[PDB]
């Protein structure tokens, strides 16, 4: 009987949550949490490349089919995460179909990319409105990812057109997607770009170059894996403005707020003081999101989980370290951060 979160924000942008299949089950209390508070859904893992095509030519439709049925039934949008990545992708993509000990060919990988993207996008035309077409293609160390930075796509496919630039595989992923669905919102998704000037420099250069080629990119997705320690609102606002200045929209795709700064701090108990501070920080973030929503350039904001009982941050970057990153706690109770969003007066903005 608490306020419905998405409704209270009164945003142009959709408010989403990442889920597993259990939130599609009516006998599960996570499902009613999703439909009460959110109007958009992303699959955390079940729409990744390895989940959708575990072996070549054998697509798995059951999970995404159930997702789209649930979403239509409950008047919710769906983001498709993700069509291309360098993690959670089957090994068969990058090896020669007849010699598993040798790499796939430019032509073979291009064709595989096209088949994966188009079979999936075509099936879900008009049911999945938005796709993370590529995920995390920029290295944290500078430039586009290659083998040294965990990805095999660019080394195999390379400079297809021979123009001296090798962003071809990314351009192709977008072109293939648009070809399969003229109406879908096509997103390049990444982490770290909200707080790293050097990484955002690369994102800006990449998107500028792709847009100049007529690449159908609609939005830059900011994962927004932040902590209670940073980055500051000013840094984020700056990165958001750089994205919006390119004429594309922004999406916040994987928002969570770790209680730890990195991997050195050992597990710690959650205190009401910590939760209050998290509430101030979430309030500030949602105030920032409103700035861009008022410009009509924020498409969606998605929390990376419904509640603290299902956060990937319990195992990243430290296996077995309990975090508290989301709007609802481990017993599905609304947290101070939730209360700051629906009733900003619950958050005291003065003392004495």
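Numbering follows the first chain given and starts at 1.
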- Task: Averaging only over Cα atoms, indicate whether 46 to 54 or 26 to 34 has the higher B-factor in the PDB entry.
- Result: 26 to 34
- Is the mean CA B factor in the deposited entry higher across 258 to 266 or across 91 to 99? 91 to 99
- From 132, 190, 194, 208, which pick has the Cα B-factor that tops the rest in the entry? 208
- Message: Quiz for you: based on the deposited Cα B-factor, which of 144, 83, 212, 279 is highest?
- Response: 212
- Would you mind checking where the Cα B-factor of residue 341 ranks among the modelled residues of its chain, as the lowest, middle or highest third? middle
- Third of the chain's Cα B-factor distribution that residue 119 belongs to, per the entry: middle
- Within-chain third of residue 295 by Cα B-factor, per the entry: highest
- Query: Taking the entry's C-alpha B-factors for this chain, is residue 106 in the lowest, middle or highest third?
  - Reply: highest
- Message: Quick check for you: using the entry's CA B-factors within this chain, is residue 72 in the lowest, middle or highest third?
- Response: middle
